[PDB]
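Notes follow once the structure below has been shown.
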Amino acid sequence: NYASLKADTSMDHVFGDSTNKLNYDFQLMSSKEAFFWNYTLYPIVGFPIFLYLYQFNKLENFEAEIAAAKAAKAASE
Amino acid sequence: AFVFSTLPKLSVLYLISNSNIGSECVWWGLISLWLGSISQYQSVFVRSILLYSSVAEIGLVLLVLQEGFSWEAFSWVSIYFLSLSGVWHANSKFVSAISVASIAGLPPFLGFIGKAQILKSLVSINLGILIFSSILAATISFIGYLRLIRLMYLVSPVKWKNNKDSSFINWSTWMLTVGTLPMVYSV
Amino acid sequence: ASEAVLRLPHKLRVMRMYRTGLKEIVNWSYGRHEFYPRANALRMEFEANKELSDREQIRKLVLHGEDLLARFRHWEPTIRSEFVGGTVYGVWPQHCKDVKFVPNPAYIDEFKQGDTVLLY
Amino acid sequence: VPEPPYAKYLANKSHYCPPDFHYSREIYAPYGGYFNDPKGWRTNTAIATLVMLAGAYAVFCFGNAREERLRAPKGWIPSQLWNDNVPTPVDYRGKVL
Amino acid sequence: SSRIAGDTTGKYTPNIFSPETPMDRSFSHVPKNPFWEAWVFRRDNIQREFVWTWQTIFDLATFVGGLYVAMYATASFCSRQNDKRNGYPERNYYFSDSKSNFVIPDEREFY
Amino acid sequence: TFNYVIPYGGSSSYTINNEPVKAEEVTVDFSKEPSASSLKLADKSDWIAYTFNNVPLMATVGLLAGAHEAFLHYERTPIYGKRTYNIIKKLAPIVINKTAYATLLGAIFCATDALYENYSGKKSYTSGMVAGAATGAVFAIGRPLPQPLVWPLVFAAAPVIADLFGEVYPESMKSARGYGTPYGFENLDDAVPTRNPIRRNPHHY
Amino acid sequence: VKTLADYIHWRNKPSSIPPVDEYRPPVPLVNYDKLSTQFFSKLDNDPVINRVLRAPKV
Amino acid sequence: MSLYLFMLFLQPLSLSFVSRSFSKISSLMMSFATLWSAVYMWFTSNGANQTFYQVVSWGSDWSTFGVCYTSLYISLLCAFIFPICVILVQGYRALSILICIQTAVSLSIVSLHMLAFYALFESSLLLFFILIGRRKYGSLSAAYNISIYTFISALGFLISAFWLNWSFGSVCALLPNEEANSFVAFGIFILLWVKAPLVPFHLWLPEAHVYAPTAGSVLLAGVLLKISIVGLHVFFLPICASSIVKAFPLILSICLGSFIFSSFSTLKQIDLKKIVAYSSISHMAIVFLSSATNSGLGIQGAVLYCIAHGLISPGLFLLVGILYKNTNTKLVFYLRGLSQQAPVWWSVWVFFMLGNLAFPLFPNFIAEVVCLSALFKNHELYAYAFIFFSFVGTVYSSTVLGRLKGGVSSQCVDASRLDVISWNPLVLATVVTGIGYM
Amino acid sequence: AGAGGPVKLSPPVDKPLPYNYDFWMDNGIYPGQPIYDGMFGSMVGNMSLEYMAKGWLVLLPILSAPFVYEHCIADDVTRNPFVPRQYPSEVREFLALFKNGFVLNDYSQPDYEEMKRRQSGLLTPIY
Amino acid sequence: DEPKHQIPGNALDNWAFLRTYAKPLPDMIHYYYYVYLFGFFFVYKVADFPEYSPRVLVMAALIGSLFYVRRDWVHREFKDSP
Ligand SMILES: CCCCCCCCCCCCCCCCCC(=O)OC[C@H](COP(=O)([O-])OCC(O)COP(=O)([O-])OC[C@@H](COC(=O)CCCCCCCCCCCCCCCCC)OC(=O)CCCCCCCCCCCCCCCCC)OC(=O)CCCCCCCCCCCCCCCCC
Ligand SMILES: CCCCCCCCCCCCCCCCCC(=O)O[C@@H](COC(=O)CCCCCCCCCCCCCCC)COP(=O)(O)OCC[N+](C)(C)C
Ligand SMILES: CCCCCCCCCCCCCCCCCC(=O)O[C@@H](COC(=O)CCCCCCCCCCCCCCC)COP(=O)(O)OCC[N+](C)(C)C
Ligand SMILES: CCCCCCCCCCCCCCCCCCCC(=O)O[C@H](COC(=O)CCCCCCCCCCCCCC)COP(=O)(O)OCCN
Ligand SMILES: CCCCCCCCCCCCCCCCCCCC(=O)O[C@H](COC(=O)CCCCCCCCCCCCCC)COP(=O)(O)OCCN
Ligand SMILES: CCCCCCCCCCCCCCCCCCCC(=O)O[C@H](COC(=O)CCCCCCCCCCCCCC)COP(=O)(O)OCCN
Ligand SMILES: CCCCCCCCCCCCCCCCCCCC(=O)O[C@H](COC(=O)CCCCCCCCCCCCCC)COP(=O)(O)OCCN
Ligand SMILES: CCCCCCCCCCCCCCCCCCCC(=O)O[C@H](COC(=O)CCCCCCCCCCCCCC)COP(=O)(O)OCCN
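Chains as they are written, first to last, in this note's numbering: chain A, 33 to 109; chain B, 17 to 203; chain C, 130 to 249; chain D, 191 to 287; chain E, 456 to 566; chain F, 2 to 206; chain G, 67 to 124; chain H, 200 to 637; chain I, 954 to 1080; chain J, 30 to 111.
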């Protein structure tokens, strides 16, 4: 029925025993560390987004400043 | 139970339609819909499920009839009679399954047409709360109908009495399956 | 030092330190020629403190040597290929007998093979 | 364990197979067995070579039909032997050949 | 102890009374392990061990809702840029409160 | 469109407008206009007056809930056995506390709604969400951990549903008729009515 | 005030508690496994290391 | 068209008159004959008739049936994949259920009436409730999930159809109607949101696939998920374009979130069918978003990528079903050494897994290129978002392949002659579409 | 011998499995491994992430020192002792078009300013 | 043997909790009589109620639903005590 739970000890002398076990607790990253690393790596992934945002803001600000100077020049003149 | 849960309603619907017995209040039909659906979902016994389904549907039909849609309620009461005939006079599982599908409002059978009449009348009066409640309560009642299908074919072996007196039961099941396409003009 | 090394008796603990030190001499060398003088030097390093009887000093030496052997663990251990951690370990492992093979599979109840919907 | 009856139909261990290596002989794989060397391999290789050359002929016809040279080569090219759509060579100075 | 069930000739019969175990499709079934089965049961029914904690709320919000908020903001910015690019008037999007009715560009119009 | 080459749907010109044309020649309405009492209760100008007008609904609901529970207790007590304790001393706290706490929740809701609308100066979804959030916060003062989140959300969601299906829904579909010609499309040749259908009279119950 | 909140089955507490004893997979043994968290240490230039490795003539 | 509809009606009809021992053979012949009738419908469909290739009506608005680009592709796909389902399923009960389901689904695709579409599509509601909740190998929870989700979404769609029939007077697609109402747009949208598994309404699909039979899973993945795009191109975009353009940032939010979280949820799977089922959910989002752009590229790319999915995911589900028959296990951790033990099964499994990862010689590549091009036409960032997070699919696919590939195993579990006959058509179709015969 | 070498079989599981046991990759041969080496368990060389970060902190200033001088401290006039390659006007005008060209740094040219602004071009497409 | 859900609580304690539902059961006509009478009079009074805003109506319905006690809850917890 079920597979046997008894291990094979034929090759222990050749390749070492299985007594030594892992020290891992099999638990994940802490919530606080995860928040920092998500909110750091995900922006790095979305590097085009920030480039587009920067250039669009630059374009709009230059356009608005041109408009303001145009208003100043067209008011007096 | 079958004859006195369907036949009396027709006279009351006719009296309401002809003698202008309508109220502006929608609380009672809304309460009927929600209470019927929730109590049907929470009821263990099969008779209570079928009894609460009628409360919910008659509340919705009352909301439709107050607004003057007499034709649709007069069709609904007949389609409901035919749909309830098979589940109440339970002799065969398959007939009861089609009847329960028809009561749910399920598309291949005539019960879909009858529920569709009432729902179509609802969107005309344009009361949003009623429509939202109708959708959610219909889902809740559908869970109970699914309980009824589960009990017959998916829980345990089922053995019933061989009461071979299906006078109009076979005709009613035939009418539920067949009648959808001739009556499609109504909706 | 790992837990298994700590649980060991004193005699075996010093033996482990000598064995690990020799293996790490092998790993950090560039050839067999480097090994012999360094092996003799490790020999003398252990022989110098063997006659101490003060337990506290001996504990100090063992702990310091264990820290030194922990720091100088090689990134690349020199392991024979056929053993665990070796390149040829598991390349084509010898396949065992008593394998469950089903002969003429498609001709066992050929017409009626498929999934059925059973109902109550 | 007494070998099953179908073992007679199965083939032996090849010369290239290491004597220690054991594999299940019943498993079928399109690329071949664990060490192959079938009987009649020479004829199969000859047939494969014939198919390769026939397909090469068909591909050669297709490519020659679809090989378009729109710029003249600087010098004589081997394609002139087999394809007639090669433009006449012109050298670096510009003289036609 | 075993016998060949399948017959290519078509003369196949299932020997339910045979002393020898047939080599049917169940011959190759994986033996299975008790603890692996309980691990499978635990992993599927992980909703039993769900607990509402401030850490759980923090994780759910910061990752799921955070990603939704970031995606919505990025999509809104892209829509604004495209409206500036195309020359369209600012479009009346659902949650944007705009005093313009421009929704679908007229194909016939030149923008 | 039903093709893979050009976009589906269509577009309407913003410059071109179509003159409104009446759905029928003579309009007879069976829908009554809002009463003066409804406009009085809906008035949120004075937050105290708005609160005091709309609380009787909440007090009524609390009284029915308390009466239900108190009758469930009364039904159980045995008439045949004489009871040392006084039943009304047992039952009155039930009804009184249910009614009081219901009235308090409704008062917070109405007061916060009116105060936010006055301060904002605009009728918006946000007033209902904030009043509901405050009411749900009062509901979950000392309650365990999921409930500080869930009740503000549910109580805020309720006015959103009320606004969406009680005000926005009717106003969005006023024009649609169902008889004669479609509201957008009058150019199409459909039977045009002299009078609108009256399916029922104005109600009076 | 008796309310639905009192009788709703809120997920405050785990219905199922995992078993305490857990399987740790077998791993090849590293005798000395203490972590080096200091790039600059006295251990690199320790007198023993100098005598064992750097000093002997090759 | 008429021949196709007649054959679709003939298949359930034949079961009533067959001997109950000839049922499998008659069903297979009927399925192949329906496939041939679909080929005839393609032959009689002239591309000169640009709007609709064919329209037939049988006396009422409900009986109006027609084929367009999307409808024709989806109908040919279902008629192609049905015979494989027929051979995989044994028993008169199962044959009856699957034939009725296929008849209803195939009638839904060609329907041009929203109410008739609703009536035919939801007729297969109990049939899946019974199918997924079958006695020994079914789960009642999954059947409840799928049935309730479908009922609520379809009822919302039905309410929107009633409002359209009241206002316009018609609900047929061939009559041009436009609406700007958001309530009706959401009523039509919710069905698409649920049927095409889109977070957070995707929970029904996994439980259904795992606890459905292999033929049932093949149909579900192959064509029932595609019914969403027939509804979108036929019954939502023509009338509800203003609302999709109004809500486009929200639509992108939901679609890209579905893609990302479905990809991450796939990583936590130990069951092979669940892995394939979650891959399907991540794949649906690109289709939904590409169509929602309402551009020539988007519609074509979505229908193409639907065809690619309906050729790749049925193959993976079929291979997993074959492996489960051979091994009685679906846990990846139990299955090891499959490369050595099943070289022929492993080759096809790797081929189809490469197809699911959208490698160039597969139809998924061409389809993805077109869809990404449409997204790039809308905005660059839209395409960039989808392209990057495609790497998550590679991680879980590679982990599954690595776990299955090697190890120690004492069982020869390789496919028989029947199994190879079952997937040969899918492999041939995948190759033919991959070289560009989309 | 490449083929037929002895191997050790990993022991069967005999204790309740952790929830995140999917982090362990075991094919049945004894030395099972984490899904990504270094995620947990023994560290190669017994070196933690802190050690590697400190080593990188030591390296980066020395590695970056050659690059920072030319890119930042130096200027086009003083970077090199010569001007960029001189071309005929027809060739130079075409070559100056390339944003990634090498004639954009010709400070002798009277179009130096425009060429430099061309070199520092747009981050993203405007349309 | 198969993996099974862990059942919180002890068997006898859970059975004792369940046994607190086995109490003298009143007949439902007593509740129904009062509900019918007060409901008839209530429907008569409702036609005279002032028109309320939809928002207030929904909040009142929510409060009533939250405040409603299921008849089984009183059944289990009823004590004939001060
Ligand atoms: C002295 C006499 C004693 C009585 C005093 C009063 C006398 C009557 C006077 C006037 C009576 C007319 C008006 C009363 C209400 C009409 C009901 C009625 O008469 O039916 C007969 C009924 C008995 O009939 P039955 O068939 O024997 O019992 C069926 C049940 O199965 C019974 O079995 P059960 O109790 O074991 O099971 C109860 C079950 C039954 O189900 C129901 O109760 C259905 C009620 C649903 C709402 C009803 C429709 C609401 C529409 C109101 C319309 C007005 C506003 C308009 C706009 C609103 C838009 C919605 O519900 C529950 O399980 C408990 C929950 C209760 C509400 C469920 C909804 C919860 C939503 C909240 C969500 C928040 C949770 C989030 C977090 C969740 C975490 C996951 O008698 C009464 O119950 C009357 C008691 C009066 C107390 C009501 C208190 C408030 C009333 C107004 C508020 C409206 C909300 C309704 C609350 C619940 C009312 C039942
Ligand atoms: C446009 C049509 C669509 C609209 C639908 C509504 C209109 C209905 C039109 C068709 C109505 C058909 C009704 C079919 C009823 C089925 C006949 C029937 O019930 O016969 C019974 C009658 O049972 C009786 O009780 C007999 C007593 C009455 C006999 C008939 C009386 C006839 C009265 C004259 C009616 C003429 C009409 C008068 C003028 C209009 C016999 O069955 P059982 O023996 O009781 O049990 C059957 C057992 N088993 C099937 C399982 C084998
Ligand atoms: C168990 C399996 C065992 C059997 C294995 C079978 C081995 C298969 C052999 C591989 C075939 C490789 C051929 C690839 C070319 C694709 C063939 C093809 O598409 O036919 C073309 C004709 O083109 C050719 O014949 C190509 C010539 C093939 C030989 C050329 C040299 C062979 C080198 C292979 C390099 C091909 C790289 C192409 C990458 C896409 C059809 O022409 P049209 O009429 O224009 O069709 C319309 C185009 N479309 C298909 C997109 C709709
Ligand atoms: C309870 C549940 C919620 C609780 C937890 C929520 C916590 C999350 C909050 C932070 C979320 C990320 C930041 C996005 C929102 C920023 C604030 C919104 C306001 C805003 O739109 O500003 C824009 C942000 O830039 C942008 O356009 C977005 C930049 C950030 C997106 C890229 C970073 C992650 C990349 C990962 C991929 C995700 C996106 C894939 C497409 C730039 O202002 P404006 O110039 O646009 O003018 C628009 C006028 N306000
Ligand atoms: C069935 C809908 C119920 C909502 C379900 C949401 C999830 C429930 C969680 C409870 C949270 C409370 C409910 C909040 C939902 C409203 C959305 C917030 C958006 C928002 O804040 O903008 C408001 C308008 O949106 C609005 O308030 C109207 C938007 C309508 C809600 C979204 C409708 C579609 C959602 C359906 C999702 C799938 C259904 C499954 C539940 C402000 O507007 P403003 O005018 O006040 O301007 C401000 C001038 N002061
Ligand atoms: C004006 C009105 C104001 C709003 C008032 C709202 C009041 C509540 C309305 C809720 C209506 C939704 C109805 C669905 C209820 C959830 C399903 C019931 C839960 C349940 O236990 O069902 C079990 C299995 O269901 C399952 O396994 C299904 C899992 C859950 C189904 C997912 C729900 C569908 C998707 C939800 C949103 C879809 C889009 C919404 C626009 C079977 O129970 P049993 O048969 O054994 O009976 C034994 C009785 N305990
Ligand atoms: C919170 C995020 C939103 C979640 C949705 C995500 C994306 C879904 C988009 C689907 C695309 C087409 C759907 C049309 C609109 C649906 C929701 C759009 C967002 C929304 O709620 O906008 C509201 C308007 O829509 C409305 O007033 C109606 C909202 C939908 C009603 C919900 C249930 C309806 C069910 C009806 C059944 C069929 C009935 C047919 C008669 C309020 O926005 P606003 O313009 O007022 O701006 C005020 C802000 N300050
Ligand atoms: C030549 C071109 C450049 C080549 C690559 C250069 C990369 C330089 C980045 C490293 C230099 C700056 C490091 C930040 C200063 C930290 C110094 C102390 C480190 C520390 O205390 O915490 C560490 C954090 O990891 C960290 O320090 C991770 C920060 C790394 C930032 C991401 C940059 C990519 C790095 C990829 C290669 C670098 C490998 C070494 C970092 C170890 O953390 P713990 O595990 O002990 O935490 C405990 C688990 N609860």
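Beta carbons: idealized from backbone N, C-alpha and C, even for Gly.
- Given a cut-off of 8 Å, decide if B/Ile129 and B/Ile95 are closer than it, judged by their beta-carbon atoms. Between B/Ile95 and B/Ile129, the gap from beta carbon to beta carbon is short of 8 Å.
- Query: Ordered along the chain, which non-local residues of its own chain (more than five positions away) have a Cβ less than 8 Å from that of H/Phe458?
  - Reply: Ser481, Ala484, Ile485, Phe585 and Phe588
- Message: Mapping the DSSP letters down to three states, classify H/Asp613 as helix, strand or coil.
- Response: coil
- Task: Would you list the residues sitting across from H/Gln253 in a DSSP beta bridge?
- Result: H/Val266
- Item | the stretch 522–530 of chain E contacting the stretch 107–120 of chain G, beta-carbon criterion three pairs below 8 Å | no
- Query: For the putative contact between H/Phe516 and H/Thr413, defined by C-beta atoms under 8 Å, what is the C-beta separation to the nearest angstrom?
  - Reply: At roughly 6 Å, the Cβ-Cβ gap stays under 8 Å, so H/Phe516 and H/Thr413 are in contact.
- Task: Starting from I/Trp977, follow its DSSP beta bridges and name the residues at the other end.
- Result: I/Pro987
- Message: In this structure, how does DSSP classify F/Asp114 when only helix, strand and coil are distinguished?
- Response: helix
- Task: Reducing DSSP to helix, strand and coil, say where D/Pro192 ends up.
- Result: coil
- Task: Identify the contact partners of F/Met174 in chain B, using a Cβ-Cβ distance below 8 Å as the criterion.
- Result: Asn142
- Is the beta carbon of A/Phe67 less than 8 Å from the beta carbon of E/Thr517? yes
- Using only the heavy atoms of ligand 6, determine whether one of them is closer than 7 Å to the beta carbon of B/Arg163. Yes - ligand 6 has a heavy atom lying nearer than 7 Å to the Cβ of B/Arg163.
- Message: Rounded to the nearest angstrom, what separates F/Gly122 and B/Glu40 at their Cα positions?
- Response: The alpha-carbon atoms of F/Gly122 and B/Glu40 are separated by roughly 33 Å.
- Item | Beta-carbon gap between F/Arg196 and B/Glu83 smaller than 8 Å | no
- Message: 8 Å is my cut-off, CB to CB: does C/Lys241 come that close to chain E?
- Response: no
- Query: What does a CB cutoff of less than 8 Å around H/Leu204 pick up in its chain, not counting 5 residues either side in sequence?
  - Reply: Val255, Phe264, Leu306 and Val309
- Would you mind telling me which residues of chain E sit closer than 9 Å to G/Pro80, beta carbon to beta carbon, in chain order? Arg503, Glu504, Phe505 and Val506
- Item | Under 8 Å from the C-beta of H/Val543: neighbouring residues of chain D | Contact note: H/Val543 reaches chain D through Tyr218, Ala219 and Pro220, using a C-beta cutoff of 8 Å and chain order.
- How close, in whole Å, do the beta carbons of H/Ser381 and H/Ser442 come, if the pair is a contact with beta carbons under 8 Å? Contact holds; Cβ gap of about 6 Å.
- Tell whether a beta-carbon distance below 8 Å holds between H/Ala278 and H/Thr243. no
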